[PDB]
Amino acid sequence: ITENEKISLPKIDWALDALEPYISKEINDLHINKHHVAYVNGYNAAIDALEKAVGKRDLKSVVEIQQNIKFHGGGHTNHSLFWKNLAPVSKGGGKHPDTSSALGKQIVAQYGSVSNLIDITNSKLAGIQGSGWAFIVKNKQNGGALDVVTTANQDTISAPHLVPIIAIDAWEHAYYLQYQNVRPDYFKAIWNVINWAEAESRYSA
């Protein structure tokens, strides 16, 4: 594994206790410093393992390692999107996107309001069985149309023609210390710290 190929834990634009009372410092410290750090390490080790196996044409090891690449690679990708679409109330968290922005105009055209889109997303999040994510996505092929999708585990939006706009973590570790089994309460509460300014930038990028 070379220095240019290795990934690192991203710097987070807000303090660990800044999402309170919606997401605790206790969850954020473990989520970033233990959970995200595990995917950073897992990806860098999986890449090192893969180059060694590929070089030897060990197709049995190559095949086995692919799953760890997908998982740790996806975990890093999902969590990085997550931290960037979260913001304290003081820093624009929970402020709806500007209705004149490309994203704001698209939400209005397809859903009528951000309120309805959030209801549709909370609905997808409730239906997730096990570990997974919900994403608000832009499709670059069908006129920049928005849709809400879910992925299992650390699976991500990897289709070249699709753009992740908002990423919501539904893994039990994302809410358990504060909400316990009451997953719908976390889903309802998170929107108060959602960074829609980042979502607008992602759409127009």
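Position 1 is the first residue in the sequence shown; the rest follow in order.
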Completion exercise
Of 175-183 vs 58-66, the stretch with the larger average CA B-factor in the entry is 58-66
Problem - Greater mean Cα temperature factor according to the PDB record, 49-57 or 28-36 - result: 49-57
Completion exercise
Reading the B-factor column for Cα atoms of 73, 127, 104, 130, the highest value belongs to 127
Practice task
Quick one: which of 134, 86, 108, 89 shows the highest Cα temperature factor in the PDB entry?
Solution key: 89
Exercise for the section: Name the third of the chain's ranked CA B-factors that contains residue 148, choosing lowest, middle or highest. Expected result: lowest
Practice task
Comparing against every modelled residue in the chain, figure out the third that the C-alpha B-factor of residue 164 lands in (lowest, middle or highest).
Solution key: middle
Fill in the blank from the handout: Tertile call for residue 193 (CA temperature factor, within chain, third-based) is the lowest
Completion exercise
Of the three thirds of the chain ranked by Cα temperature factor, residue 115 occupies the highest
Problem - For residue 80, the third of its chain into which the C-alpha B factor falls - result: lowest
